[PDB]
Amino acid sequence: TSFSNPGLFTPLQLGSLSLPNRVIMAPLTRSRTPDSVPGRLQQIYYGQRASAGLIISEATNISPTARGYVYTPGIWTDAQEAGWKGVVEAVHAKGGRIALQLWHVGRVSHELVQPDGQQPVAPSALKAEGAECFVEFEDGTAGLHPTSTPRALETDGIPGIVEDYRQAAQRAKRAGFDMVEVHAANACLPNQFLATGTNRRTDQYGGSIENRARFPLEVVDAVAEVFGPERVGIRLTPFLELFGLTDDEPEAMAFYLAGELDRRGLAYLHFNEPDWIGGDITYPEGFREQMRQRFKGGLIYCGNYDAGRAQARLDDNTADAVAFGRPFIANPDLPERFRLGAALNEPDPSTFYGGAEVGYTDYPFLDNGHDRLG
């Protein structure tokens, strides 16, 4: 009697927050902020997509050291916090809910993008092979550049990183954000500690499942003290090998985190599927079922999802909601388009990063023949 038959437009209680639908906007880096301060353009971009059951913001740098991509928003400065407040306010004025995703690129960075040409930090001094990051060269030009070799974080340095996360959450709550999502996927800093291939530490923050998750859980606890676990989420990518990251214990870690995070009572777990409509490996048969039983809170999945496959996960009772990235980039009113089964706008990869409003806020809404912009 517990499990009903929810649909894409069935409201959902995600932690202590009420969502109008289950069509979530996945976190998407757009590099549309030359200065790390969100402005009116973001107010327009995010506002256009306020119909999302929940908007997960673009990854946002918790500090200068956490940056790996230029023109990305920050959240360690008053100017940035004020910039976000205008964005958060804009989303609310249109009926939406927004979560700020706390970002730290870890080893996926370069001295050029790093402040004062400082060396990128990470759990182990292992370079990310073939990995590239977005940097602005000395001649004012910007583009992809190979990631450099990071330095292993000193054991006594980890508490500082956690504090940076805590500080970001504190500015986020003060800015009016409904929730915060700890970015621990796509091979960023937190993910680097979790994966065996990237974590070779011999202190208490590496060596075993419990150690590799020690720092990530400290971050989670840190932000949950500010927002309360009911308003905190975390993104994960178990069997995902991205930016040269490899893992020998994907499942064992996913199961352990699920249990630790469920005990903490987190609002949700956001999974970015390793899948790809053109390659990649896939989740182990029975992985989704296990997560559902191990984590009682909200389960969000993302990756090459359409209306039909999304509903399937809802029916299988292996997901509570589904996030959409690219489709939400090209369709500000994606949820409505799914309700009417309307055709979707075609995403333009060329304008996913950098630039201004073109390929950002120029994707058209559906025309019902009644709405007027007079």
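Start at 1 and count along the sequence shown; that's the residue number.
Two stretches are in play, 157-165 and 228-236, and the higher mean C-alpha B-factor belongs to 157-165.
Across the two stretches, 137-145 and 95-103, the PDB entry reports the greater mean Cα temperature factor for 137-145. Between the residues 335, 325, 47, 347, the entry's highest C-alpha temperature factor is the one at 347. Between the residues 301, 177, 268, 205, the entry's highest C-alpha temperature factor is the one at 205. Residue 252 sits in the highest third of its chain by CA B factor, as recorded in the PDB entry. Sort the modelled residues of the chain by CA B factor and residue 280 lands in the highest third. When the CA B factors of the chain's modelled residues are split into thirds, the value for residue 183 lands in the lowest one. Split the chain's modelled residues into thirds by C-alpha temperature factor. Residue 83 is in the lowest one. Sort the chain's modelled residues by C-alpha temperature factor and residue 58 lands in the lowest third, per the entry.
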